[PDB]
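For reference, the structure is listed below as structure tokens.
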Protein chains: 6
Amino acid sequence: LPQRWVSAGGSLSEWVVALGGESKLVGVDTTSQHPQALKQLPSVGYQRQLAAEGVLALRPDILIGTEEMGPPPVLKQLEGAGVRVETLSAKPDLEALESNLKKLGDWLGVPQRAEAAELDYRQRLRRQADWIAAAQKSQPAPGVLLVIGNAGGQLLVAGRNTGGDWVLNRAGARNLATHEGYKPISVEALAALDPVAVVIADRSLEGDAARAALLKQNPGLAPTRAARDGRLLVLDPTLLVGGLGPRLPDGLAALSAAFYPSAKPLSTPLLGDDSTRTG
Amino acid sequence: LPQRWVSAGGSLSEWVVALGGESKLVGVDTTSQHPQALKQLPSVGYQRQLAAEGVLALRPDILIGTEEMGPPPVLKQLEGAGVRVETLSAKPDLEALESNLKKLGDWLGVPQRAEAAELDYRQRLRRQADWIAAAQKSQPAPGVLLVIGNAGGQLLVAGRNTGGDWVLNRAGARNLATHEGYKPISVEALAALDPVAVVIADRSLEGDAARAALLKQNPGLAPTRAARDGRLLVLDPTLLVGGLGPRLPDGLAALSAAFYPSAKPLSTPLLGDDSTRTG
Amino acid sequence: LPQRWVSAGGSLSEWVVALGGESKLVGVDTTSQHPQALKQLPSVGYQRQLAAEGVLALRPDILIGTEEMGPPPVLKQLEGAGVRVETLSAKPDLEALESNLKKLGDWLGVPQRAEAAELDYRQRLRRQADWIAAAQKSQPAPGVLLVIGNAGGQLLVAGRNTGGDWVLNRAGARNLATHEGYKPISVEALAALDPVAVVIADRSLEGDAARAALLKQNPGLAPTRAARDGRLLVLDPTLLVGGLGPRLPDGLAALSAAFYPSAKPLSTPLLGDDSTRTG
Amino acid sequence: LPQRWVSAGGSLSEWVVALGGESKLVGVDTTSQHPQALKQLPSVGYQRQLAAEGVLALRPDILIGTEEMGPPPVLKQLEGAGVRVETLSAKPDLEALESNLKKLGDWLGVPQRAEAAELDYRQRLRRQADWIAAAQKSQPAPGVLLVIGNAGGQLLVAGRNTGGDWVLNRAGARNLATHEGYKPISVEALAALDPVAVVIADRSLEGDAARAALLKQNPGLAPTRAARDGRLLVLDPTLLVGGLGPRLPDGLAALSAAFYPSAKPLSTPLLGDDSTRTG
Amino acid sequence: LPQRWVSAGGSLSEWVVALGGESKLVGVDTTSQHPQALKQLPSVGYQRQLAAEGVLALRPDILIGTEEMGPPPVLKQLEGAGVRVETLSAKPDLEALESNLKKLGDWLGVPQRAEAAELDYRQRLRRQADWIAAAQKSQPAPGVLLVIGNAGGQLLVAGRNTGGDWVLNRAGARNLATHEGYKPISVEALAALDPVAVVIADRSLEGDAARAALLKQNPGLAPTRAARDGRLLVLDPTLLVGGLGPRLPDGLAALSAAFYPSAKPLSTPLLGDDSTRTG
Amino acid sequence: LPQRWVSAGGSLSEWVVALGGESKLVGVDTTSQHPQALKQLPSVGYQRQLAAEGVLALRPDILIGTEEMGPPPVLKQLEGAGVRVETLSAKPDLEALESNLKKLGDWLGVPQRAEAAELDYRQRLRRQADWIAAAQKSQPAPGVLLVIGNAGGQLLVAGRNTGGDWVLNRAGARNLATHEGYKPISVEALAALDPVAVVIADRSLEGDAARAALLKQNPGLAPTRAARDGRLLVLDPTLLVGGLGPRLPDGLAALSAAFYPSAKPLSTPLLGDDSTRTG
Ligand code: HEM
Ligand code: HEM
Ligand code: HEM
Ligand code: HEM
Ligand code: HEM
Ligand code: HEM
């Protein structure tokens, strides 16, 4: 069984730790910020732009990542250097998660723990769905948009078949975007969609800074119901990297509470609320 | 000499403390937040809406305030109740300051200290003006706007003969507003003015929250050079209440440094900087 | 259904938010500090001294408050201006609460949620009463006093039929005051009552500052068992404004734990404990 | 029943407070730091070196401590001065705890509460043992060492029949030390033992400072699996003074979670984790 | 020259560090809390009650302390064990300081630095005296009392020939106490003295907690001008242990500013101000 | 003159800001963390591994960096895309600095300010050198080592002609390394050198965490005088990237104070001190 692991992809790293493999992690990419301790480990750079020399320097027994791990030539030279490179799935669905956990469990030597993790996860999701069903008795599902930002610019809208879409659906909202994947869209169209709430995952900014930057670069969003009712929600971007992660259930609880404010929220930083208005 | 003082108007209160009369203050209005300890004294409400019963309860020997202290009927019933009511000047000029200090010094019994205060103040201002003169050798004075907000709404623009205008001029900027006093102006006109920087004094919000609210309610400001270059500066609103206060010199140093970024700033929380852009 | 709400009275505002009406609140009075976000909304001043021009500026569809909302002439001119003014009950009893929730639920469009709120509240109270019954098996109910202070002065003692009395009773204590309402009482009498504990709700001070101010202005309290055993408890004053609020249950848990120290406390900032003694 | 208590021995003090006797404590030794408020009470010095004049000055009705309370001559002169000196047991076992609680309950007048405390404690321990049994199905008990340090020096290893040994066993680990009591051992032997994890209870240092000091003065520990896998755990030293204390159950939950990382931890500052590695 | 030093007496330790001997300090007594790092060194207990075994364990080349270091028998057994024990002076005067610095400089090997330290110190004091002279032109020296407390109790008043008296005089105040040394005095007499300000050095409490405890145990102080004008100043107690220390000059600047509020304070945590009143 | 700048190399970015060009910076590499606001700008990745698509997305008018900016192919494709790529000097000497400032000043349009910056810098250095000369009268220059770490591993020692060497020399120390550039060296040799102090610049760790990691991976350093006397100094790594930066003067003041502890330090987070010992 591999003893020295290097992990690329936030959620993958969280899973390794969750399954008890923290002491086996010798290096991680920049999107791996949870738990907090992972930030103090050697860095191999961004997952989409791995540093070959960086991973080799750690004498890794295994390198794990998803489809979004690369570039391809660097991964190839790594394999040629004797490094065991595994590719898990970043797809936004339980089938993928259950498959990733199966593998991680095996390479870690804790197949039972991996099964228990899958079980607790689905249980959390079943509970989240039941809470939503009850909440929709007094309020219909709101139309929402999830956008990925870079200091408020270069907006990418989460369309169908993305982690962002999965998160919006699982939290009880209706994704207003009908396209596939993450794609840029004119603010004009976005404003026309008039979302009840907008979820912002910014790579560089957080809280009010993220909100302010968003409005600076996309003034058209100010006339949306989302901006008017103080519903520009800031989400922890790492929640969307490397496939479905262990913190999503807590994330869904916070989002669904914001989506159905007239319902007693579920029990249990990853979601900043808006305190400003427009009228 | 009066022993129990109640003060209405932020800057007036700061002066009493500055001259050593802190132990004589038994109550203050809500705009008196400096020094921090003044927030722990009994409150008589907002200066423009004093609570008669509130001041009487403190058995004050003297009540001080400016023209903006009121309403008139309440001040009258107070005088009729035997309370000594003094009215100082809130006018934005050294002549007024020097006159206010003269009186405060006398009622406090420290005429010499009051003179020294006037002297240090003007010295600070002379130094600020010389720094600006040198700074304008490599950069011309920027056109700027100062706005008073309420959670980003109900914008009042500081025109000529206001504390806001005095502050912009003393900090080396050109007030773009040509009207008199504080008046509401359409965002359309404001955006047309295209300020290099915008100074925001919000009664309820601070930092990025203030910026975000401002943009939400006034989307048109996003296309100004101010928003584009990350120059929506947030100023401590108390710096503009009750006439010229003792903290303005430090305030001018921060503003002038932001107005002439290519000059080594002057020596020495009251000014939050912008970190977002638009491009 | 009203879309823009202005609320006067801490507890009322908390309820609107609790029922999911936060995005409909456009302004609140100074006693509305919970949740924290409410402090960033436009302010209409103190509930007992509303600013007419202040509420009108917000174009409110409805203004809610209790009997303690005023003054009367200002509320009248508001009604004459077309503003819908509703008056709920501030009375210290479940009948009033259940009636306030009924109305809020209707004007908010969530009658079921309001019913669920009433249900959870009474359940919390039933649980608090059972815990007390069990706790009184090893210790008798302590005689206590609840005082409202202003920077430690102008003390008002909570007598019968006040929110303070309701809170003392519901927390398992015996209110030593036999008068009706909130009334000033000489420290001499208060010290004679010799409370086992004293609860202080100060408008301006908190923690040790509140304790120190209390003792400075009322030296006679130092010889009470309360002062001797380090039981000058500081309570969040907003818990007593605008009728019975949603945070009282958590407040009762903290108080009852302090009142019966030999009992395992109930599950779950609003109550500062004393660490000083006298002997 | 005694009204003024002076307590020597961290855990004893915690118990007095836990049973509701906080207002009866007029003084404590330096190892009594929990709850936090106990640090603000008069100090009688270190438990092993009590200040006679220090306790007498407090006019105590009773002085409680364990075998480790002294020196003997000082305790004697105290008894001769009329002070009631009680000696409880510091022995690392439930029989001793149950006997200490029995006495404290009686002198405090809350025999029932003391019984309930014993009951909750054993219940917590039964639950901890069951969790461990389940955790050992996928992982065998790890060999561990517990050391008491002084700014990383003067290391004492917890052998058999010590609170440290009790804590390691109850948390699911195997104490690698075979000696009796706390004894100094050469780092050479300690490194040879090659612990999977090392628990450090430092009197002066905490967190990374404690780790760094430990390695500075005992370089040989760097080659242990504990140092390599980032498992130099820092434990709150007060958890080991004055017999079995009320916080141990929470302490065991944290330790056992660190000892069996592949198990979902138990529900609920006293244990700092290691983030550094060696490879 | 000695390489391993153990120091008893706050101010002595500060001097060793100030002269550059920090790396030579291997242990200190509990009153040595400055700089902050000294708290992380091995502890030898309280200066007046040194732990023989504690110092020996550190293999010290030298042990330094003042007259207040003891007890005598422990110091004797230490000398008999080969430990070099030096006794400096704790007397409240420059002659003593200059003599202590002379010795420390020699044993540390930096005679010139010690001379420079004496020079800077006296210069600081000359500047403090000149500032006071100018301040007394508009205000006469206030009568003040300095008290040493233990969680607000066991009050010792600083009389003539004490560090407390030296500090009051050097800060521009008149010590109202006419006795010699530190002695207990009835609150009745203390209140009669009616100090303009009271300086409290509490061993266990700080800030408002110290104030509250003081008033609880000495209610009579509430009617003093000091309590009425919010002038119960809390001083860092370590400033008074082990003779004249390097932080006194900064301490004098803060005190003199509080004593002459109508004077612009001198340039540059050791003095907490009072925010409560009585009227 | 270029309006949109992207900067790679910490010190270069600091200079642009220092000269007043902050509003012209639209993106920076990961080593640009000062001022703090630069962390909120879009990221182009690590300087040695720039993201082509990342810079192009910002529509930059100019890209600045040093020799260490790359890789080469990416810079080439950038030039081919019309991006103006400038290469400044990272060499550790004033000639290089003065040349970089000359260029930055010109492209920014503030040649005079750039000259003033060069002037203030050299003045700071002249003052630092004079302070050292005086300090060496009572103490000889200490032999020191500066190491660059990665979570305490992969140690690179700063030899001749490196920013690390420049910093050690300018701070009054003697670099014990005789090799050229940054090179790995066995801990055996490093320990043999027996440095009086060791300066650690860790890419991932800070403070005690950095110290602990260093000792874990390099146990041999524990027997050095540096470890024994608590002189493992942690330096802000960004101070060594992108050539000589504006914060070095403050950095030199802190280091030289640590190198000559018996000298009164110079006036004015970038240097963490060691509090642990070995003996
Ligand atoms: C906080 C500042 C710094 C950060 C964030 C940083 C980050 C990185 C990253 C992400 C890598 C790729 C992974 C790896 O190979 O380790 C790297 C490589 C490297 N870094 Fe840095 N670095 C910093 C400071 C420095 C400094 C001060 C030096 C020392 C002169 C340095 C020298 C190197 C070297 C030699 C490499 C190898 C690859 C190459 O040079 O092309 N870095 N750094
Ligand atoms: C944090 C919450 C509170 C704030 C911010 C607040 C603030 C104020 C202010 C500004 C005044 C006017 C000045 C004065 O006359 O003292 C006032 C008056 C008054 N307050 Fe409050 N108050 C609070 C809580 C309470 C509570 C809990 C009570 C007790 C039942 C109360 C009873 C009164 C009374 C009796 C007056 C006299 C005037 C009147 O009742 O119309 N207040 N308050
Ligand atoms: C932090 C400081 C300040 C606080 C706490 C404060 C608070 C208030 C409050 C509570 C009201 C009543 C509600 C309303 O009508 O909006 C009010 C009204 C008003 N305030 Fe202030 N204010 C502050 C600063 C200022 C400043 C700097 C100006 C600008 C010159 C200003 C101008 C006004 C005006 C024009 C009104 C309308 C009513 C009147 O002027 O009589 N306020 N303020
Ligand atoms: C933060 C600094 C201080 C600490 C930590 C401290 C601690 C202690 C402790 C633990 C005791 C033993 C218990 C007792 O008898 O109360 C004690 C006793 C005593 N302390 Fe201190 N002390 C400090 C400052 C002072 C100061 C400034 C004075 C005043 C001149 C002082 C005068 C005394 C006296 C008179 C005793 C009685 C026993 C004797 O003097 O031998 N202490 N102290
Ligand atoms: C935070 C808690 C603790 C504090 C504040 C503390 C403090 C002290 C002090 C001040 C001394 C005297 C100086 C010396 O000889 O080192 C001492 C001695 C000693 N301590 Fe503690 N201690 C603590 C925890 C412990 C623990 C958990 C043990 C381990 C079983 C322990 C065992 C000893 C021993 C063996 C001595 C030698 C003298 C004797 O036992 O009589 N201490 N301690
Ligand atoms: C906190 C987490 C994240 C960090 C630290 C991060 C960082 C980066 C960096 C440094 C770049 C290179 C510069 C650039 O082209 O902008 C980049 C590119 C990119 N990132 Fe991320 N990223 C994060 C999250 C995400 C998420 C959630 C998405 C959305 C699905 C995403 C999608 C992309 C895309 C599409 C690119 C373009 C290049 C490519 O895909 O190969 N990133 N990111």
Side-chain angles (χ1 to χ4, degrees), chain A residues 145 147-155 184 186-192 194-235 237 271-279, chain B residues 145 147-155 184 186-192 194-235 237 271-279:
Chain A
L145 289 171
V147 301
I148 304 304
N150 190 187
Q154 296 162 42
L155 292 191
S186 55
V187 179
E188 300 73 289
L190 264 46
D194 205 9
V196 158
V198 177
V199 175
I200 309 136
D202 198 297
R203 293 161 41 186
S204 318
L205 304 166
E206 179 172 47
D208 295 310
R211 297 194 178 75
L214 183 73
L215 292 161
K216 275 190 175 191
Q217 304 192 54
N218 312 286
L221 306 184
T224 66
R225 290 178 296 182
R228 181 242 289 161
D229 304 322
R231 294 191 190 190
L232 295 183
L233 315 171
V234 183
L235 190 74
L271 184 64
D273 289 309
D274 200 345
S275 70
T276 57
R277 305 297 175 61
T278 299
Chain B
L145 289 171
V147 301
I148 304 304
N150 190 187
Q154 296 162 42
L155 292 191
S186 55
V187 179
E188 300 73 289
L190 264 46
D194 205 9
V196 158
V198 177
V199 175
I200 309 136
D202 198 297
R203 293 161 41 186
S204 318
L205 304 166
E206 179 172 47
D208 295 310
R211 297 194 178 75
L214 183 73
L215 292 161
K216 275 190 175 191
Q217 304 192 54
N218 312 286
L221 306 184
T224 66
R225 290 178 296 182
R228 181 242 289 161
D229 304 322
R231 294 191 190 190
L232 295 183
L233 315 171
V234 183
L235 190 74
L271 184 64
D273 289 309
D274 200 345
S275 70
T276 57
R277 305 297 175 61
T278 299

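Just so it is clear, the values below take in all heavy atoms, side chains as well, and ignore hydrogens, waters and symmetry mates. So you know, we letter chains A, B, ... as the sequences are listed, proteins then strands, and number each from 1.
- When every heavy atom of B:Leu235 is checked against every heavy atom of B:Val199, the shortest pair comes out as CB-CG1, 3.8 Å.
- Within the 3.5 Å criterion, the main-chain N or O of A:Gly220 finds no donor-acceptor partner in the side chain of A:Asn218.
- Between chain A and the residues B:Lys216, B:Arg211, B:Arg228, the most heavy-atom pairs under 4.5 angstrom are made by B:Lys216.
- By number of non-hydrogen pairs under 4.5 angstrom with chain B, the leading residue of A:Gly230, A:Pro223, A:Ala227 is A:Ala227.
- Residues satisfying the side chain to side chain donor-acceptor pair (under 3.5 Å) criterion with A:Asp229, sequence neighbours excluded, are absent altogether.
- In this structure, B:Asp208 contributes its side chain and A:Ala213 its backbone to no donor-acceptor pair below 3.5 Å.
- A distance-only check finds no donor-acceptor pair linking the side chain of B:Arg203 to the backbone of B:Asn150 [under 3.5 Å].
- Looking at B:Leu232, the atoms closer than 4.5 Å to chain A (heavy atoms on both sides) all sit in the side chain, from C-beta outward.
- Heavy-atom minimum distance, B:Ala226 versus B:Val198: CB-CG2, 3.5 Å.
- With a threshold of 4.5 angstrom between heavy atoms, B:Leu214 does not approach chain A through any atom at all.
- Proximity to chain B (any heavy atom under 4.5 Å) is shown, for A:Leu221, by neither the backbone nor the side chain.
- Heavy-atom pairs under 4.5 Å with chain B peak, among A:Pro219, A:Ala210, A:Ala209, at A:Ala209.
- Within residues 271-279 of chain B, the residues that have a heavy atom under 4.5 Å from a heavy atom of chain A are B:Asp274, B:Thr276, B:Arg277, B:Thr278, listed by number.
- For B:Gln217 (side chain) and B:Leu155 (main-chain N/O), no donor-acceptor pair under 3.5 Å exists by modelled atom type.
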